[PDB]
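Trainee: Quick one: the structure is below, questions incoming.
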Amino acid sequence: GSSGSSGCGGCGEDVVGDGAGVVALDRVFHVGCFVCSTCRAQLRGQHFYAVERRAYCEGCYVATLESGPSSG
Ligand SMILES: [Zn+2]
Ligand SMILES: [Zn+2]
């Protein structure tokens with residue numbers, strides 16, 4: 001509501017732009033900051049995954065598997 005504090009988990013600065021901000025993993029990141037951990041692709045608005053408190057784009061998430069079926 002009225003009270004509350006903002007913040008960008010990525011850089012740290014507050015996230016505000018007249019209706020701007022990417023919420024993921026119970027956190028807030030800037031459209032730019034919010035990106036993959038492998039290819040570091042712009043995930044501002046797309047399908048991604050969550051592994052080890054990280055962000056992996058569908059593409060990567062699928063690529064990582066190739067590595068090996070064992071251990072998930
Ligand atoms: Zn940021
Ligand atoms: Zn990726």
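A note on labels: chains of the structure tokens are A, B, ... as shown, every chain counts residues from 1, and ligands are counted from 1 in their shown order.
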Could you pull out the residues in chain A that DSSP calls helix (DSSP H, G or I) from the backbone, as a PyMOL selection string?

Mentor: chain A and resi 58-66

Trainee: Ligand 1: which residues are within 10 Å, counting only C-alpha atoms and all ligand atoms? Reply as a PyMOL selection string.

Mentor: chain A and resi 7-15+21-22+28-34

Trainee: May I have the selected residues written with C-alpha atoms, as an mmCIF file, in the first residue's frame?

Mentor:
data_model
loop_
_atom_site.group_PDB
_atom_site.id
_atom_site.type_symbol
_atom_site.label_atom_id
_atom_site.label_comp_id
_atom_site.auth_asym_id
_atom_site.auth_seq_id
_atom_site.Cartn_x
_atom_site.Cartn_y
_atom_site.Cartn_z
ATOM 1 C CA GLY A 7 15.136 -1.727 -4.696
ATOM 2 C CA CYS A 8 16.911 -3.479 -7.559
ATOM 3 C CA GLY A 9 18.292 -6.851 -6.514
ATOM 4 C CA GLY A 10 20.671 -6.615 -9.447
ATOM 5 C CA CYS A 11 22.404 -3.258 -9.068
ATOM 6 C CA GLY A 12 20.687 -2.072 -5.901
ATOM 7 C CA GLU A 13 19.229 1.278 -6.932
ATOM 8 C CA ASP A 14 15.487 1.772 -6.464
ATOM 9 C CA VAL A 15 13.215 0.642 -9.298
ATOM 10 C CA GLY A 21 10.019 -2.768 -12.784
ATOM 11 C CA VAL A 22 10.517 -6.505 -13.232
ATOM 12 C CA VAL A 28 12.715 -6.468 -8.115
ATOM 13 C CA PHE A 29 15.102 -6.017 -11.041
ATOM 14 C CA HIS A 30 15.540 -3.459 -13.822
ATOM 15 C CA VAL A 31 14.344 -4.445 -17.297
ATOM 16 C CA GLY A 32 18.021 -4.265 -18.195
ATOM 17 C CA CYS A 33 19.576 -5.897 -15.140
ATOM 18 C CA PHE A 34 17.164 -8.838 -15.219
#

Trainee: Please identify all protein, DNA and RNA residues within 12 Å of ligand 2, counting only C-alpha atoms and all ligand atoms, and report them as a list in words.

Mentor: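 Result of the 12 Å neighbour search around ligand 2: residues 34, 35, 36, 37, 38, 39, 40, 41, 42, 43, 46, 47, 48, 49, 50, 51, 54, 55, 56, 57, 58, 59, 60, 61, 62, 63 and 64 of chain A.
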
Trainee: What is the distance, in Å and to one decimal place, between atom CA of residue A:53 and atom CA of residue A:20?

Mentor: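 Separating atom CA of residue A:53 from atom CA of residue A:20 is a distance of 22.2 Å.
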
Trainee: Could you pull out the strand (DSSP E or B) residues of chain A from DSSP and send them as a list in words?

Mentor: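 So, restricting chain A to strand (DSSP E or B), we get residues 22, 23, 28, 29, 35, 42, 48, 49, 50, 55, 56 and 57 of chain A.
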
Trainee: Quick one: distance from atom CA of residue A:25 to atom CA of residue A:3 in Å, one decimal?

Mentor: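 Atom CA of residue A:3 lies 21.1 Å from atom CA of residue A:25.
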